[PDB]
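**Q** experimental coordinates follow, after the sequence.
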Number of protein chains: 2
Amino acid sequence: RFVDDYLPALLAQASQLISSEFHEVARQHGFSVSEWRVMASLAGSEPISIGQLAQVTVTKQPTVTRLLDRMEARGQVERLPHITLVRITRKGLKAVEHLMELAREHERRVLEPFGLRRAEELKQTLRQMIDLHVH
Amino acid sequence: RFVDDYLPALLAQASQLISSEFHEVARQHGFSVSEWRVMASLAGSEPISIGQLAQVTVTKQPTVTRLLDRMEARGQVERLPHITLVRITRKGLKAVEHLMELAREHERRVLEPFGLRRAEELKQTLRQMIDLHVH
Ligand SMILES: O=C(O)COc1ccc(Cl)cc1Cl
Ligand SMILES: O=C(O)COc1ccc(Cl)cc1Cl
């Protein structure tokens, strides 16, 4: 059966199942999916361009720009001129840091049955595939 | 940097990049993303329930039901009573079979740099993760 062993279907299914688990936690802490992705990807980061943020959050750039409008109004991010750069503020970092700890715990739980070797292999393969296909 | 080594972000990014590549081909052959997922997941399948189809196509069930309304009007799928089951028709199979060959070729190209061992390891890990987290 094709779908059972077709890589893009496996990636899409695994991604949605794991993400859906953590999105429940994120919402219980006041975060939408997009807010979580933006703050977690900016935490501990130099300012990056709106285009880089859209890439790493897997979000269309027009959508990211409207999201940053409201996140900047809430004091959680700041846009700055170099192209437009964006950074997390201290308020945003304090808003997200506990949730990031919870995300690490959940990821640990997802990966523990597989063992350190298989978990690192998976992450390295995914990183290599991303770097080969990103524009 | 958190996002660089956080499994759900890696899965979401790799999934979107690989899928976006094949979706260009699919549209050039007349298929939307959802139409492609439905027909490719039903090809060579016993009839399955709408809920199973929603799961394997990573699509919300209300959306799948409206999609099947129009795909059934086009003669490409058929809904049948057991719960509602759904199957691909011969017309649908003939519509999608070439695109499935192209999808296999694209997947081969994505996986070839990694070698057979790493490619099979990735697919087995993804399958195991899906089976551990699906409801
Ligand atoms: O939403 C999810 O569960 C996975 O996607 C992400 C999660 C965290 C970050 Cl920082 C970036 C992305 Cl794309
Ligand atoms: O759309 C994509 O590129 C990947 O998602 C799929 C692809 C094919 C099938 Cl059959 C099922 C799914 Cl979820």
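**A** That came through, no problem. Residues are numbered from 1 along each chain as shown, chains lettered A, B, ... in the order given. Ligands and ions are numbered 1, 2, ... in the order given.

**Q** what ranges does chain A have for its helices?
**A** Here chain A has its helices, by DSSP state H, at A:7-28, A:33-42, A:50-56, A:61-73, A:90-111, A:115-133.

**Q** I'd like these as CSV, with mean neighbour count and distance to chain B appended.
**A** (Each C-beta comes from the backbone N, C-alpha and C, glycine too.) Listed next are these as CSV, based on neighbours: other Cβ atoms under 10 Å in any protein chain shown; distance: least, Cβ to the nearest Cβ, whole Å:
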stretch, mean neighbour count, distance to chain B
helix A:7-28, 20, 4
helix A:33-42, 22, 4
helix A:50-56, 18, 6
helix A:61-73, 14, 14
helix A:90-111, 15, 5
helix A:115-133, 15, 4
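
**Q** could you dump these into TSV and include distance to residue B:13?
**A** Shown next, in TSV, are the helices of chain A (distance: least, Cβ to Cβ, whole Å):
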stretch	distance to residue B:13
helix A:7-28	9
helix A:33-42	10
helix A:50-56	7
helix A:61-73	15
helix A:90-111	15
helix A:115-133	5
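
**Q** got CSV for these, with distance to ligand 2 too?
**A** Putting the helices of chain A into CSV (distance: least, Cβ to the nearest ligand atom, whole Å) gives the following:
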stretch, distance to ligand 2
helix A:7-28, 4
helix A:33-42, 18
helix A:50-56, 18
helix A:61-73, 19
helix A:90-111, 19
helix A:115-133, 13
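
**Q** what residues does chain A put near ligand 1?
**A** A:19, A:22, A:33, A:37, A:40-41, A:57-58 (Cβ under 6 Å from any ligand atom).

**Q** please repeat the previous calculation with a cut-off of 5 Å.
**A** Counting by Cβ under 5 Å from any ligand atom, the residues of chain A lying close to ligand 1 are A:19, A:37, A:40-41, A:58.

**Q** dump those residues into JSON lines; add distance to residue A:111 as well.
**A** Putting the residues of chain A next to ligand 1 into JSON lines (distance: Cβ to Cβ, whole Å) gives the following:
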{"residue": "A:19", "distance to residue A:111": "15"}
{"residue": "A:37", "distance to residue A:111": "20"}
{"residue": "A:40", "distance to residue A:111": "18"}
{"residue": "A:41", "distance to residue A:111": "20"}
{"residue": "A:58", "distance to residue A:111": "21"}
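
**Q** and the furthest pair within those residues?
**A** The largest distance within these, taken as Cβ to Cβ, falls between A:19 and A:41 and amounts to 14.1 Å.

**Q** nearest residue to the residue nearest in space to the middle of chain A in space, please, no chain neighbours.
**A** By Cα atoms, centre = their mean, the mean C-alpha position of chain A lies nearest to residue A:37, the distance being 3.9 Å. Spatial nearest neighbour of residue A:37, chain neighbours left out: residue A:57 (4.1 Å); criterion: Cβ to Cβ, 6 or more residues apart in numbering or on different chains.
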